[PDB]
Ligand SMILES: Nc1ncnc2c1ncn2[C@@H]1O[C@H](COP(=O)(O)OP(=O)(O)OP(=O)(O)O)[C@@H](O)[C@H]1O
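Quick heads-up: it's one chain on its own, the form solved without this ligand, in structure tokens.
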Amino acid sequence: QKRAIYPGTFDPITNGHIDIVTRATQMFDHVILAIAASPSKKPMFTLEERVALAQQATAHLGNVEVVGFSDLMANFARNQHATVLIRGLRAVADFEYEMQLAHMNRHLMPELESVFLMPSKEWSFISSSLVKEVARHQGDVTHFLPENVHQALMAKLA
């Protein structure tokens, strides 16, 4: 039984995130999609809203468990009995910070292996931030988000 954690702010979860978590379930027995509270990022959606959106978005994937956390992600991964930490790698700018976070996590929990997955070309140029910006300007974001997420983002901005 191999347990992987996929941590992030997921404010909100996008098709890019769905792509990564799906690739993770094909590789590992159990995947914990872990939503960081991230108050420093001043998130659009509350932790509870992000958890509900991700639960509904990944309900079709049987080996996905969605959980929120305010803890240090290394402690949360230890407490979830995870030995793999998944992160998606879109481009060079993300990669630089990903190395810092992975080297820090390695110092905090050496047995937790950080692995990087690459999203499809389709989602290689999107982010939660970019989708929110288009949506703040009433631009069509239906293509980039699960149905429930799209509806929730429409509601939040109305």
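From 1 onward, residues are counted along the sequence shown. Definition used throughout: the rigid core is the maximal C-alpha set that superposes within 1.5 Å between two forms.
Omitted from view is the form deposited with this ligand bound, to which the following refers.
Should residue 26 be classed as touching this ligand in the deposited complex when contacts are defined as heavy atoms within 4.5 Å?
-> Judged by the heavy-atom cut-off of 4.5 Å, residue 26 is well away from this ligand in the deposited complex.
Give a yes or no for residue 16: in the deposited complex, does one of its heavy atoms lie within 4.5 Å of a heavy atom belonging to this ligand?
-> Result yes; residue 16 sits at the interface with this ligand in the deposited complex.
Looking in the deposited complex, any heavy atom of residue 20 within 4.5 Å of this ligand?
-> Looking in the deposited complex, residue contacts with this ligand include residue 20, since a heavy atom lies within 4.5 Å.
May I ask you to check whether residue 129 falls inside a 4.5 Å heavy atom distance of this ligand in the deposited complex?
-> Yes, residue 129 lies within 4.5 Å of this ligand in the deposited complex.
Taking the rigid core as reference, which of 27, 130, 115, 91 is displaced at the C-alpha by at least 2 Å between the shown form and the other one?
-> With the rigid core superposed, the residue that stands out is 91.
Answer with closer or farther for the CA-CA spacing of residue 92 and residue 100 in the deposited complex compared to the shown form; it moves by 3 Å or more.
-> Their C-alpha distance grows by at least 3 Å in the deposited complex.
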